[PDB]
């Protein structure tokens, strides 16, 4: 009863799209991200920029200190969505069992596939080659019996490569696998695990599930399972979007309600346009606002509401401004909607 799971993941996605569409950028360091003057961060960088240490989520000021010649690009999201739709269509030539996780990646369950004599290795290779042939972008892939191992494997031979983990190989692979490599084990969890002597899956294997449950709750069961190669999560294919948000960080902090209200007036039309694409009648479950202060604390306040309404979002932002700000400057204003459940 062993499944075959592929994880396909585009290489340096946004940057690879920009280098294809403008070959002038192929061999200089580039990154998509907000300017230093906009208090931006890097969305991603090409390999010439990564060589200097430039990474996703890095503050753009730090990126530019590491790489003074970095070319900063704003981003063309319709171009990325176009490439995304294309690779998902390519995935569909092989199976309907597709769970996209983001624009540039997806799980595929090819257990019941007849392509390539049932070879998940050869299916992954064909998909990667077809994506290069049709989009002139490269992808990496991982092949494993369960989701999380397939996703880890897709990183091990990138760019433009793949890695296969068989059941026979799972114990040796897990023994030294750092817990931080597990999707969902982030910096905070890894530091808590490290402070109790747990670094790798091999370490967690020597642990009592009951202690893990007590110390981490439901997350402790996940850690226990994953550390043994256990991951029964099915490839879904029917997941739907549950929210839409629109937020902006200002170049300077704001200190006056008039400035906040002015920012909302620009955010609202964008929220309405994006909601309408998926809910033409604007009917929703909740709406709300987000403020982020200069001490980086953030607050949200949202409430049951039947239909997108600008004045109520202003009114709510006014309350939040008056009630939870405590005289701090504000660096971000955001609007938010929770979608009806079907």
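Numbering follows the first chain given and starts at 1.
Comparing 115-123 with 93-101, the higher mean C-alpha B-factor in the PDB entry belongs to 115-123. When 271-279 is weighed against 42-50, 271-279 comes out higher, by mean CA B-factor as recorded in the entry.
Between the residues 166, 130, 140, 249, it is 130 that shows the highest Cα B-factor in the PDB record.
When the CA B factors of the chain's modelled residues are split into thirds, the value for residue 257 lands in the highest one.
When the modelled residues of the chain are ordered by C-alpha B-factor, residue 36 sits in the middle third. In the deposited entry, the Cα temperature factor of residue 290 places it in the lowest third of its chain's modelled residues.
In the PDB entry, a CA B factor belonging to the highest third of its chain's modelled residues is recorded for residue 323. Per-chain ranking of the deposited C-alpha B factor places residue 215 in the highest third.
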